[PDB]
Amino acid sequence: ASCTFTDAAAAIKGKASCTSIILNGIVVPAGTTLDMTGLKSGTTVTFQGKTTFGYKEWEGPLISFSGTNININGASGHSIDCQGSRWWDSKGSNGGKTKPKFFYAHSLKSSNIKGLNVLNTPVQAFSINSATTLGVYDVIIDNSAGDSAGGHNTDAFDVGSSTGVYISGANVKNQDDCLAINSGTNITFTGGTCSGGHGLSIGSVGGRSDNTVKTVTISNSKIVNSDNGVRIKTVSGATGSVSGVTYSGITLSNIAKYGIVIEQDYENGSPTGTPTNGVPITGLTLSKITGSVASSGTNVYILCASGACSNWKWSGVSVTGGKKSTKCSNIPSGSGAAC
Ligand SMILES: *[C@@H]1O[C@H](CO)[C@@H](O[C@@H]2O[C@H](CO)[C@@H](O[C@@H]3O[C@H](CO[C@H]4O[C@H](CO[C@H]5O[C@H](CO)[C@@H](O)[C@H](O)[C@@H]5O)[C@@H](O)[C@H](O)[C@@H]4O)[C@@H](O)[C@H](O[C@H]4O[C@H](CO)[C@@H](O)[C@H](O)[C@@H]4O)[C@@H]3O)[C@H](O)[C@H]2NC(C)=O)[C@H](O)[C@H]1NC(C)=O
């Protein structure tokens, strides 16, 4: 590589002069970002050894990348260990200590992240925002320690205001969404394994600067020991759009709350029981969605406002083991969808 750094400030000072960078065993000073924004176009950046971070109660990000034609890779043996248990307090980003976001994959164009091995994020892991064609391959996010040490709001991939995001072969163990797409166009999640969290989610959609989800493929993935399997949420009273979404080849195991949940009634982060019509869900395909829900959970819950869900196609959906909801509303007729 042009440049190998074991020091965070040296790396930040020198980055734009390096065509290839190795970040080797960096201890990132407490309360600071490993700031890899503004890279020279075409730069490759490789993590080696164990990256760690000083402790401070602050908002992060711990790491930040931006640029065009950037490749962000992990070397054999590397890890990025945030030692999140230092912050974890069962309250996540909703109270207790101020806890830093981990990785800002922001303003990355025609770029790729491959093979990053991430452990113990304080709260959310990857924030993907203002990205234009970004591959995210074979990323491992292991927040399993958080199950018994107070992990909360440890989402793996949060996506907004982005296009052409392609997440492939992710392996996630956490306590919140495996995926949350709040907005974006041409977003893929495929070949993934999601354990311990809240499933593969669209939304909540609405009430943000960007409320459009269009052309999404979430496929060939396993969801295990999670609250939800397939999830789409839209915000009560909001305007937006969820269209051209396909979930296919999704296996579910021991889902606690909902195998499939689609509801248009989110207000301040909680369902109201009353759906609203300003964020229509159209062109929704579910194909080959199979598996088990806990007896105390619910197989399928569809809570559409009148006229607000249409052009759905569901086939090979076999979700069993939980209760059958008596509360579903306005399911697209003839779609094959059923609670
Ligand atoms: C919706 O989102 C998706 C996901 O982001 C968008 O799909 C992505 O689009 C981008 C372009 O914007 C693609 O990047 C390009 O990929 C081209 C093809 O790459 C692959 O093929 C290469 C060649 O394959 C063969 O050769 C190799 C040996 O060379 C063999 O080993 C192999 O078996 C094949 O026989 C592979 O080498 C490579 O690893 C990929 O598998 C590239 O050719 C292209 O590179 C061009 O530009 C580069 C400058 O950045 C330059 O270096 C190159 O020379 C070349 O000019 C570029 O990387 C993504 O691959 C693609 N991702 C996926 C998953 O599809 C999609 O476009 C978007 N939809 C819309 C409507 O926008």
Side-chain angles (χ1 to χ4, degrees), residues 1-2 15-22 36-47 64-76 103-117 125-141 155-172 177-194 200-203 205 210-222 232 240-250 281-285 287 311:
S2 313
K15 61 188 171 176
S17 288
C18 307
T19 61
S20 42
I21 300 175
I22 295 164
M36 289 294 117
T37 64
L39 300 170
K40 202 198 313 208
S41 168
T43 298
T44 298
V45 185
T46 297
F47 289 81
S64 191
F65 276 87
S66 75
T68 300
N69 297 329
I70 308 305
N71 283 277
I72 303 156
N73 299 331
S76 179
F103 195 114
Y104 276 12
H106 291 191
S107 299
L108 280 161
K109 185 186 189 176
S110 296
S111 293
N112 295 296
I113 296 167
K114 188 177 169 175
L116 301 185
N117 177 29
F126 293 84
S127 170
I128 292 158
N129 193 280
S130 309
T132 306
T133 316
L134 174 69
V136 181
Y137 287 89
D138 308 324
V139 166
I140 298 165
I141 299 164
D155 318 15
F157 305 100
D158 294 316
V159 181
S161 300
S162 293
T163 65
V165 175
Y166 187 91
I167 306 161
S168 173
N171 191 306
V172 173
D177 280 322
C178 192
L179 172 73
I181 306 167
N182 303 306
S183 53
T185 307
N186 174 27
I187 313 300
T188 305
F189 183 100
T190 195
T193 301
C194 302
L200 290 169
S201 297
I202 296 186
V205 179
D210 192 345
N211 307 300
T212 301
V213 174
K214 194 194 178 188
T215 314
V216 172
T217 294
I218 297 167
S219 67
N220 306 330
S221 298
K222 298 180 275 211
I232 303 178
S241 180
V242 175
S243 62
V245 172
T246 299
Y247 287 77
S248 65
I250 307 298
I281 300 165
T282 59
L284 177 62
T285 301
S287 178
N311 186 23

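Atoms within each ligand, like the ligands themselves, are counted from 1 in listed order. All values below were derived from every heavy atom in this structure, side-chain atoms included, with hydrogens, water molecules and symmetry-related copies excluded. The first residue in the sequence is number 1, and the count goes up from there.
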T19 versus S2, side-chain donor and acceptor atoms under 3.5 Å: yes

Distance-only polar pair, side chains of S219 and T190, donor-acceptor under 3.5 Å: yes

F47/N117 under side chain to side chain contact (heavy atoms under 4.5 Å, CB included): CA gap, chis, key distance, verdict: CA-CA 9 Å; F47 289 81; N117 177 29; over 6 Å; no

Residue, atom name and distance, where the atom is the protein heavy atom closest to atom 8 (C) of ligand 1: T133 CG2, 4.2 Å

Protein residue, atom and distance nearest to atom 63 (C) of ligand 1, heavy-atom basis: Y137 OH, 4.5 Å

Protein heavy-atom contact under 4.0 Å for [atom]?
atom: atom 13 (C) of ligand 1; answer: no
atom: atom 21 (O) of ligand 1; answer: no
atom: atom 58 (O) of ligand 1; answer: no
atom: atom 50 (O) of ligand 1; answer: yes
atom: atom 61 (C) of ligand 1; answer: no
atom: atom 42 (C) of ligand 1; answer: no
atom: atom 68 (C) of ligand 1; answer: yes

Parallel, tilted or perpendicular: ring planes of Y166 versus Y137, cut at 30 and 60 degrees: tilted

Plane angle bin for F103 and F65 - parallel if under 30°, tilted between 30 and 60°, otherwise perpendicular: parallel

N69, portion touching ligand 1 at heavy-atom distance under 4.0 Å: side chain

Selection from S168, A131, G164, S41 by shortest heavy-atom distance to atom 4 (C) of ligand 1: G164

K114 NZ: over 12 foreign heavy atoms closer than 6.0 Å: no

Test of proximity, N186 against ligand 1: N or O pairs below 3.5 Å: yes

Single hit among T217, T285, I232, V216 for side chain to side chain contact (heavy atoms under 4.5 Å, CB included) with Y247: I232

Residues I21, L39; criterion side chain to side chain contact (heavy atoms under 4.5 Å, CB included); working and verdict: CA-CA 10 Å; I21 300 175; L39 300 170; 4.1 Å; yes

